[PDB]
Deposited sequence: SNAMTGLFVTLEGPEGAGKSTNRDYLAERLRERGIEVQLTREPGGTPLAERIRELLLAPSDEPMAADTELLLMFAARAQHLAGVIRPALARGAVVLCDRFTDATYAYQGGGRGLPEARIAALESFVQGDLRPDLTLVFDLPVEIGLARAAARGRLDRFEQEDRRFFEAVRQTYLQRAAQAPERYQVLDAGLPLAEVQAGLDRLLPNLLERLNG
């Protein structure tokens, strides 16, 4: 039937080689003549980036959990219509830094919002669309490393970030067919060799 690309999301903390690994993946794909679209959430479009700004900017006014969740999904709705679905329809590979798993992990695990409510909004915004593959970069939580000023989420405590970590691992266990957990605590080349063994699988998913 209708045109098909490949929707890959990457999840995990910065400082875990997510970005260099995404670049690696992108170059390996592009050398094979495949169109690759790099993007990130929240953000990805002019309006979505403005929503991002509201989400990250520290304020003395506390942001309600529901506000934070609805803003995340608002940016996502804009980003899906403007960037992601159009790329997939061109048969491109989308490599998206963070997606709805981050919502489950941060807003669910970190903020304590019920999984059911996040799931309701996921279906509302996305219909049946989910990533084809989600790469989780897992390693023990590191706090305070390489830190203008801390944004809203950076200000959180170690407990918050441990809940985020564990939620990703839980999610990957609930639907193993959609995830691959990468040991981001392993040497740099050893992880990119994992990416090599992955490429053929990606290519198959794509064509």
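Regions left out of the model, expressed as runs of the deposited sequence counted from 1: Missing C-alpha atoms (numbering from 1) occur across the ranges 1, 149-152, 213.
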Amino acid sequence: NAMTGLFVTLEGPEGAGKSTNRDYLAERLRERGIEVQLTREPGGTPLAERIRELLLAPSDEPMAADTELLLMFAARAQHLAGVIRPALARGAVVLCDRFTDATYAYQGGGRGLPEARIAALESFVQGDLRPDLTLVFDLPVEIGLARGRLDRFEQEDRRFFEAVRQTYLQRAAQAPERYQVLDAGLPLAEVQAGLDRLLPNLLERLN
From here on, numbers count along this sequence of modelled residues.
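For the two forms, the rigid core is made up of the largest set of C-alpha atoms that agree within 1.5 Å on superposition.
Core-aligned, RMS over all structures and residues: is 57-65 or 41-49 the stretch with the greater C-alpha displacement in 6 other deposited structures of this protein? The answer is 57-65, which departs more from the shown form in 6 other deposited structures of this protein.
Using RMS Cα distance over all structures and residues, flag whichever of 66-74 and 178-186 lies farther from this form in 6 other deposited structures of this protein after a core fit. Once the cores are fitted, 178-186 deviates more in 6 other deposited structures of this protein.
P140: absent from a third or more of the other PDB entries compared? No: coordinates for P140 present in every compared entry.
Does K18 go missing in at least one third of the other entries compared here? Other entries vs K18: at least a third skip it.
Going by the mean C-alpha B-factor recorded in the entry, which is higher: 185-193 or 5-13? According to the entry, 185-193 carries the higher average C-alpha B-factor.
Which is higher in the entry, the mean Cα B factor of 138-146 or that of 165-173? Stretch with the higher mean C-alpha B-factor: 138-146.
Candidate set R40, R28, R159, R52 [ranked by C-alpha B-factor, highest]: Largest recorded C-alpha B-factor: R28.
Tell me which of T45, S59, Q155, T67 tops the list for C-alpha B factor in the record. The listed residue with the largest C-alpha B-factor is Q155.
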